[PDB]
Every structure is written in structure tokens, then in C-alpha cells.
Amino acid sequence: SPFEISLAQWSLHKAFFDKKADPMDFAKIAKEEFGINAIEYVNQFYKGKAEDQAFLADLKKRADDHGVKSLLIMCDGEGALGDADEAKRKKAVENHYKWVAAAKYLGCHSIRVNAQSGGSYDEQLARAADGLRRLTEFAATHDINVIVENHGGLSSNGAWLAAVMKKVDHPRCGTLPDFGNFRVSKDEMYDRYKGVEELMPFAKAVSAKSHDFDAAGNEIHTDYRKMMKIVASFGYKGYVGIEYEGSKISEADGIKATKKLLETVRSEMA
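When the letters of the sequence shown are read in order and numbered with PDB author numbering, they come out as residues 44 to 313.
Put into C-alpha cells, the structure is as follows:
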């Protein structure tokens with residue numbers, strides 16, 4: 044009731060890439076291995092399939108059969124939406140159209156894209172705002188949001204990405220705040236609490252990033268109590284997606300630890 048828990052597919056990326064699990068069973072696996080009934084896909088596990096009507100029908104059916112909600116698709120490898128090269132930015136925008144349609148088909152509310160760009164602060168802001176606005180124009184006709192997750196570079200700068208949002212100036216372009224992605228560069232780690240707070244006014248989804256847990260089951264890098272307080276203070280009551288990216292405990296344990304942490308924190312909320 045304070046919020047709901049979903050699973051983001053990158054939590055299982057090692058299992059899928061090593062062919063120890065079938066991407067098509069993502070809904071089943073979330074539901075049966077982890078007791079989770081909402082998912083966020085990553086397009087890397089379905090390369091070439093976005094316009095395959097039979098594949099979409101199948102993926103939608105497996106979700107329906109297991110009573111799992113499809114929330115959004117995270118899009119990687121389709122180009123930089125703020126590419127300094129004009130022709131490449133245009134191509135990046137168009138590469139996402141198919142994923143917009145796929146998301147609509149599955150009943151997702153958004154696609155998550157990057158704001159990758161090049162040049163100084165204001166050049167990147169103008170370029171990213173341009174690509175995002177152009178893609179959002181297409182997506183809006185499908186009643187689908189375009190949202191950016193902080194993910195390195197200036198996109199990990201909360202104020203820069205918030206300024207990009209303001210420049211894009213479209214209600215269907217928003218953010219997907221990630222708890223942990225705040226390394227702007229080797230020399231700069233942005234304040235994750237300030238950054239999420241800067242991104243929350245635009246949030247359509249939230250990503251509970253985790254890596255490592257202590258003996259009490261608390262995440263070592265991010266204080267989830269403090270973080271969820273920030274999230275809730277903006278009235279966000281939707282799904283919070285587990286995105287386990289640690290290297291010490293297995294993905295299965297990582298997912299379970301994150302779910303358990305989120306549940307504990309949620310029980311303290313009312």
C-alpha cells in the first residue's frame with residue numbers, strides 16, 4: 044500500500060546471458076522463484092523481436108497466465124538520444140519507435156531510455172532535450188511515457204537531468220530515479236539522496252538499485268529507509284523495481300535480500 048515491489052530484468056542478466064534461464068520465462072521466474080507479480084523488461088534479452096507479433100502475443104500471454112503485470116521496457120543499445128551527430132540522434136530516436144509499440148502491446152506504461160550526449164554541459168542538455176522531445180512526440184501518440192534513468196555522465200547529475208526534463212517540457216517525458224547510479228565520472232560521485240530528490244518530481248517509476256548487504260540485511264551503499272522516505276515524500280506509491288547488480292552474492296540471493304529490505308521498510312511506513 045505505501046508502494047509495490049517489481050523486478051527489473053537486469054537482476055537476472057547473468058542467468059539469461061549464460062543461458063541458464065529463458066528470457067521468455069521472465070514473468071514465470073519473477074512470480075514463482077521470487078514471489079513478485081510485476082516486471083520491468085530489458086530489451087537486450089529480446090533482440091530483433093520488437094515487431095514480431097507472434098513473440099509479443101506470446102510474451103503477453105505468459106505474463107497473463109502467471110498473473111504478472113508488465114510495467115515498462117528498458118531500452119539499451121539503440122543509440123544515444125543526445126548524440127552530438129545529428130544523423131545519429133535522428134536514428135537513435137527512430138530506433139525506439141518499435142520498442143514504444145512493443146510496450147503498448149504488452150500494456151507497459153513507459154519505455155526507459157538514455158540521455159547520452161557529448162560536449163559541454165549546455166550542449167549535452169540541448170542535445171538530450173532534443174532527442175527526448177522528439178521521441179516523446181511519437182510515444183505520446185501511443186499513450187506511452189519516455190523516461191530517463193540516471194546512468195553515468197551528466198545523467199547522474201540530478202540538476203542536469205532535471206533541467207533536461209524542464210527543457211523537454213512534455214508531461215509524457217519523465218524520470219526513472221535509480222538509487223545507485225550516481226557516478227558522473229571517475230572523479231565525481233553525485234549525492235544520491237539529493238539526486239533522487241531532484242529527479243522525483245518527474246518520476247514515473249523508481250529503481251531500487253542494490254549491490255551489497257550487511258549482517259542485518261541492510262544495503263551497504265544506500266540507506267533504504269532514508270531513500271524510501273524521500274520517494275514517499277513526493278507522493279509516489281507505484282512500483283519500486285528491484286535492480287540487483289552486486290558481484291558477491293548470487294543474483295537469486297541479491298533479489299531476495301532487496302525484496303526483504305523493501306518489505307521491511309514498507310512495513311514501517313503507513
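C-beta: ideal position from N, C-alpha, C; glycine also.
In this structure, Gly-125 is the residue among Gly-125, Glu-306, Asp-68 and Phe-245 with its C-alpha nearest to the C-alpha of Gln-167. Within the segment 172 to 215, the runs of beta strand (DSSP E) at least 3 residues long that lie entirely inside it are, in chain order, 188 to 192. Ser-250 and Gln-96 have their alpha carbons spaced roughly 29 Å apart. For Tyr-287, the enclosing beta strand (DSSP E) starts and ends at 282 to 287. In terms of Cβ geometry, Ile-116 and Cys-151 form a close pair [threshold 8 Å]. Secondary structure of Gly-223 (DSSP, three-state): coil. Straight across, the Cα-Cα distance linking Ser-49 with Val-85 is about 13 Å.
Taking 8 Å as the cut-off, the beta carbon of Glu-286 is found closer than this to the beta carbon of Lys-252. If you compare the alpha carbons of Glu-311, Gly-289, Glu-306 and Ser-44 with that of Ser-54, the shortest gap goes to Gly-289.
The C-beta of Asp-165 has fewer than 16 other C-beta atoms within 10 Å across all chains shown, which makes the residue exposed. For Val-274, the enclosing alpha helix (DSSP H) stretches over residues 267 to 276. Between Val-136 and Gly-78, the gap from beta carbon to beta carbon reaches 8 Å or more. Short of 7 Å from the beta carbon of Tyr-148, and not among the five residues preceding or following it, lie these beta carbons of its own chain, in chain order: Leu-99 and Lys-103. Residue range 69 to 77 is occupied by the alpha helix (DSSP H) that includes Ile-72. With respect to the 8 Å criterion, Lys-63 and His-109 are not classified as neighbours on the basis of their beta carbons. Excluding the 5 residues flanking it on each side, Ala-51 has same chain C-beta neighbours closer than 8 Å at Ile-82, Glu-83, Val-85, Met-117, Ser-250, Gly-284, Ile-285 and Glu-286, in chain order. Per DSSP, the beta-bridge partners of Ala-246 are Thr-218. When DSSP reads this structure, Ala-81 sits in a beta bridge with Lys-112.
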